[PDB]
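**Student:** This is the structure I have questions about; it appears just below.
Numbering (the authors' numbering), first residue to last: 37 to 392.
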């Protein structure tokens, strides 16, 4: 409620989610972000080239953004499952081998690149992890935390590595770490998590709602979520969770993603042409289902340069409050706003936005 980012329907509601590893945002970049949104999550690595640690880079960025826009809610990225190297916290975790997660054989559980995965069932680890979040948001200038990697924690394949007993303890540990985060950071801070996910094999809607404020739909229209069935499931879950009072962040992709090699090799001007042509469909999907506290992100990745500071005239046009609920006819969706009429067909991937 009162701790949410200040929401408006005046124009398309926008959020940001990115990092600039090479330094703080320039004056122009910070002015752009702070003026055009009240809601940004700063990624791992942000400003580490000049500030050393992600914690120091994010803290300095939060201060400069809030000097520009005191209503900007700045969210600290803190992965719930993975021990990334570019945080001061990494060399703290390195000193607590009693916490480290192992497979049934006693081998350390690490992703490729010697990236340890956390044993959420360990209470001492959880106290430390939530302390890192509290340092960033209570003592520091951020307004909340972005808890990534829930689908990885829940993956049934982890049972093979850990055994069933440890798997269940880790799933309970996720419940406990979310609760303990809320207790340590307070009721006026935001908990954003990743997230809502719809694939043919595995799906997750908004969860942990007594504690979490916001969920990302990270894969909208892309990855294993491009089918009409999974798109409809994502849009309907946005509608449902936001009608129930939650924040939903729909991550649109600008016709390609950061793992699409041929697309990522194209000259920037061509990427921009693709991004312009690719906007209407996901924007219409977002507007079809959007409710209060729903935000759109649109780009091709999570580094600043991946389209994150591009802009489009659609984001400047009067939108206004919805004047009716989303209407569905099979794969076709429509929505009426005070200053716009939205139509999208998930089966043909056609869309129309009539601005007025």
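Beta carbons: idealized from backbone N, C-alpha and C, even for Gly.
What number of angstroms, rounded off, separates the C-alpha of residue 334 from the C-alpha of residue 91?
**Tutor:** The straight-line gap from Cα to Cα measures roughly 25 Å.
**Student:** Under the rule that 16 or more other beta-carbon atoms within 10 Å means buried, what is residue 327, buried or exposed?
**Tutor:** The residue is buried, with at least 16 neighbouring Cβ atoms inside 10 Å.
**Student:** Give the DSSP-derived three-state secondary structure of residue 359 in the structure shown.
**Tutor:** DSSP places residue 359 in coil when its eight states are reduced to three.
**Student:** What does the alpha-carbon distance come out to for the pair residue 60 and residue 102?
**Tutor:** So the two alpha carbons sit approximately 14 Å from each other.
**Student:** Tell me the DSSP secondary structure of residue 129 in three-state form.
**Tutor:** Residue 129 falls in the helix class under three-state DSSP.
**Student:** How about the region 282-298 and the region 250-261: do they share at least three Cβ pairs that are nearer than 8 Å?
**Tutor:** Taking 8 Å as the limit for Cβ pairs, the verdict is that the region 250-261 does touch the region 282-298.
**Student:** Nearest to residue 174 by CA position, among 146, 217 and 213, is which residue?
**Tutor:** For residue 174, the nearest C-alpha among the options comes from 217.
**Student:** For residue 114, count neighbouring C-beta atoms within 10 Å of its own C-beta (all shown protein chains included) and say buried if the count is 16 or more, exposed if not.
**Tutor:** It is buried - the Cβ of residue 114 has at least 16 other Cβ atoms within 10 Å.
**Student:** Can you find a CB in chain D that lies within less than 9 Å of the CB of residue 53?
**Tutor:** Structure shown: chain D not included; a single protein chain is present.
**Student:** Look at residue 355 and residue 376 and say whether their C-beta atoms are less than 9 Å apart.
**Tutor:** Taking 9 Å as the Cβ cut-off, residue 355 and residue 376 qualify as a contacting pair.
**Student:** Which same chain residues end up closer than 6 Å to residue 378 when comparing Cβ atoms and leaving out the 5 residues on each side of it in sequence?
**Tutor:** Within the same chain, residue 378 has close Cβ partners 320, 323, 324, 371 and 389.
**Student:** Would you mind giving the Cβ-Cβ distance between residue 155 and residue 221, rounded to the nearest angstrom? I have them listed as a contact below 8 Å.
**Tutor:** Their Cβ separation, rounded to whole angstroms, is 22 Å, which puts residue 155 and residue 221 out of contact at 8 Å.
**Student:** If you follow the beta strand (DSSP E) that residue 441 is in, where does it begin and where does it stop?
**Tutor:** Nothing in the structure corresponds to residue 441, since the chain is present only between 37 and 392.
**Student:** Select from 313, 363 and 381 the residue whose C-alpha is nearest the C-alpha of residue 349.
**Tutor:** Residue 313 is the option with its Cα nearest to residue 349.
**Student:** Do you know how far the Cα of residue 85 is from the Cα of residue 233?
**Tutor:** If I take the Cα positions, the gap works out to 33 Å.
**Student:** Starting from residue 283, follow the beta strand (DSSP E) in both directions and report where the run begins and ends.
**Tutor:** Start and end: 283-289.
**Student:** Who are the Cβ neighbours of residue 192 in its own chain at under 7 Å, not counting the five residues just before and after it?
**Tutor:** Nothing meets the Cβ criterion.
**Student:** Beta carbon of residue 105, beta carbon of residue 51: below 9 Å?
**Tutor:** Going by C-beta atoms, residue 105 is not nearer than 9 Å to residue 51.
**Student:** How long is the line joining the alpha carbons of residue 153 and residue 181, rounded to whole angstroms?
**Tutor:** If you take the alpha carbons of residue 153 and residue 181, they lie about 19 Å apart.
**Student:** Where does the unbroken alpha helix (DSSP H) through residue 316 begin, and where does it stop?
**Tutor:** Taken as a continuous stretch (DSSP letters only), the alpha helix (DSSP H) holding residue 316 covers 316-325.
**Student:** When you compare only the Cα positions, how much space is there between residue 89 and residue 374?
**Tutor:** Their Cα atoms are separated by approximately 46 Å.
**Student:** Could you pull the start and end residues of the alpha helix (DSSP H) that residue 93 belongs to?
**Tutor:** 90-104 is the extent of the alpha helix (DSSP H) around residue 93.
**Student:** With distances taken from CA atoms, which of 290, 76, 45 and 308 is nearest residue 55?
**Tutor:** That would be 76, whose Cα lies nearest to the Cα of residue 55.
**Student:** Residue 391 bridges to which residues according to DSSP?
**Tutor:** 376.
**Student:** Can the beta-carbon of residue 214 be found less than 9 Å from the beta-carbon of residue 117?
**Tutor:** Cβ atoms of residue 214 and residue 117: not closer than 9 Å.
**Student:** Would you check whether the ligand PLP has a heavy atom nearer than 8 Å to the C-beta of residue 53?
**Tutor:** Here there are no bound small molecules, and the ligand PLP is not part of this structure.
**Student:** By how many angstroms is the C-alpha of residue 256 removed from the C-alpha of residue 270?
**Tutor:** When rounded, the distance between both Cα atoms is 7 Å.
**Student:** Residue ranges of each beta strand (DSSP E) run of no fewer than 3 residues wholly in the region 106-189, ordered along the chain?
**Tutor:** Those beta strand (DSSP E) runs which fall completely within the region 106-189 and span 3+ residues are 109-113 and 180-183.
**Student:** On the CB-based measure, 16 or more other CB atoms within 10 Å of its CB, does residue 453 come out buried or exposed?
**Tutor:** Because the chain in this structure spans residues 37 to 392, residue 453 falls outside the shown range and cannot be described.
**Student:** Mapping DSSP to helix, strand and coil, what is residue 329?
**Tutor:** Residue 329 falls in the coil class under three-state DSSP.
**Student:** Of all the options 132, 392, 68 and 143, which has the alpha carbon lying nearest to the alpha carbon of residue 108?
**Tutor:** Selected option, being the one with the closest Cα: 68.
**Student:** Using CA coordinates, which residue listed in 230, 316, 38 and 195 is at the minimum distance from residue 179?
**Tutor:** The residue with the shortest Cα to Cα distance from residue 179 is 38.
**Student:** Here's a check: name, in chain order, each residue in its chain whose Cβ is nearer than 6 Å to the Cβ of residue 53, leaving out the five neighbours to either side.
**Tutor:** These residues qualify, in order along the chain: 77 and 333.
**Student:** Is the distance from the Cβ of residue 316 to the Cβ of residue 343 below 9 Å?
**Tutor:** Taking 9 Å as the Cβ cut-off, residue 316 and residue 343 do not qualify as a contacting pair.
**Student:** When you compare each of 208, 133, 169 and 163 to residue 157 by their alpha carbons, which one comes out closest?
**Tutor:** When each option's Cα is compared against that of residue 157, the closest is 208.
**Student:** With 16 other CB atoms within 10 Å as the buried threshold, where does residue 83 fall?
**Tutor:** Looking at its Cβ environment, which holds 16 or more other Cβ atoms inside 10 Å, residue 83 is buried.
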